[PDB]
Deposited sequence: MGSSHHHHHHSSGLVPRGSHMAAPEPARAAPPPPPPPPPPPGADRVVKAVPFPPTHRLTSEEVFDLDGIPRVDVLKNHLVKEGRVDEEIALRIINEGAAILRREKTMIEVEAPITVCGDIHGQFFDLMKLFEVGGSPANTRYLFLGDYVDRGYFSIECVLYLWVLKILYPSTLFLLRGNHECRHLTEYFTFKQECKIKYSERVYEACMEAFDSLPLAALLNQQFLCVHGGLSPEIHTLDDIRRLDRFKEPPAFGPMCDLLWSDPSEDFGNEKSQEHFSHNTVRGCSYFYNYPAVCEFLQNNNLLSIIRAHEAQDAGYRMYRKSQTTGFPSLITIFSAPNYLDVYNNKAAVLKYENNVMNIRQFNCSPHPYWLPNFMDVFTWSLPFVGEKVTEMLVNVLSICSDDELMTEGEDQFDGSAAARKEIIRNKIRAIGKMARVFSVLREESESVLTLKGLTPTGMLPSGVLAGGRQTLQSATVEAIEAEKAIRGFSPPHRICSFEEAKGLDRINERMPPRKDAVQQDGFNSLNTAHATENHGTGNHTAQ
């Protein structure tokens, strides 16, 4: 009795790499001491491999336990590499580490938003969590506004978990995200946070005080840290009003230059380093303080060709030997997925059903009471153009 034909016998585009069929097991991922093998994991994930569910859970839970015991404003010193939004762009994350340096000898601070928008969010989480497990005192993760139940349920991260893993893995990620610190004080000179300032936050002690172990509420200091933006006219404002309602996000605030100046001066800080907004150049240096001649605010953005349409550079910020040097990098190829992770059966079946039925209806309509006598199937979907088109997805989802 002849065996089945070899799996890829009639495969049409043979040069396309085929993903592993087997999930990585615990024996493969964890050494004798219970320590994960980051290179084994990385190589598997780059090929679009998956891990056994218990391994995903183990990685997420251990990372969560380490994160949970950190302060809500951690303190980190230079030298360091500071990174902004990643947004599930795992293959760009790989490039980021090649540019920034290996975590085995390089200190890192990530400002949040590991998930959503990109379709490799879970891979980003597993890999960063493993790095956190291996280098708990040199690699640091902050919370972004997407690390929460509200946004991941509205965007695709919850569905991503359901499809690639399970709801158990999603629920584990939700607890892990609740444990992420909200801010970092870098070298006693820079406040690092995902979004920015709050009218209710005037000192570092206002941040240190926060109960971070929860879904971010719709308003208040925790919300603002994750959600706020500099005003569109930051540094050149008409009104001198410190804060105004953030019309872009649908919640939280715009903060202006006077608000930033006051905060820096009251806290003996040099600048605020944040993320949260896409930049064509991968970063933005805002208006310099009159006093110091140093940029009062910095935005860092680490997701190149964001949404595969922005065509923007990404950047990380390297702070070493008293120099802040911005390293830019471009996007990298990544594998294709259909919107919301749907398989091709789910995708094509409604069309098949519709077209075969239509054919038969037409065929049977050849008589009408005489008896009484391209190919029309598609997918499901400039910097300033991409921005305006994606404006609703920067706003907080209803309820």
If I number the deposited sequence starting at 1, which residue ranges have no C-alpha coordinates at all? 1-34, 408-435, 444-497, 516-544
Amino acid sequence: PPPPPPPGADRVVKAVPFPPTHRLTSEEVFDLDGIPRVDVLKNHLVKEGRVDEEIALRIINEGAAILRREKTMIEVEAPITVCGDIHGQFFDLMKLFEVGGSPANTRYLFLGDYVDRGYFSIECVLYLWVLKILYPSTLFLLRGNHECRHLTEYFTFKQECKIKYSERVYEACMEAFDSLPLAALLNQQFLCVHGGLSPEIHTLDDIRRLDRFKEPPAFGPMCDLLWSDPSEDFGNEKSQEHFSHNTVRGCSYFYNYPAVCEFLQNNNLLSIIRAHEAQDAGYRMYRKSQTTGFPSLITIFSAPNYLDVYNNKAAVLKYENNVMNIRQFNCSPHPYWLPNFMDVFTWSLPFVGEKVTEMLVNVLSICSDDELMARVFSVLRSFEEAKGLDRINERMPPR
From here on, numbers count along this sequence of modelled residues.
Of 179-187 and 212-220, the stretch with the higher mean C-alpha B-factor in the deposited entry is 212-220
Comparing 283-291 with 118-126, the higher average Cα temperature factor in the PDB entry belongs to 283-291
Out of 163, 192, 151, 197, whose C-alpha atom has the biggest B factor in the entry? 163
In this crystal structure's PDB entry, the residue among 366, 46, 66, 59 with the greatest CA B factor is 366
Quick check for you: using the entry's CA B-factors within this chain, is residue 85 in the lowest, middle or highest third? lowest
Based on the entry's values, in what third of the chain does the Cα temperature factor of residue 40 lie: lowest, middle or highest? middle
Within this chain's modelled residues, let me know which third the CA B factor of residue 247 belongs to: lowest, middle or highest. highest
Give the position of residue 313 by CA B-factor within its chain, expressed as the lowest, middle or highest third. middle
In terms of the chain's CA B-factor thirds, is residue 95 lowest, middle or highest? lowest
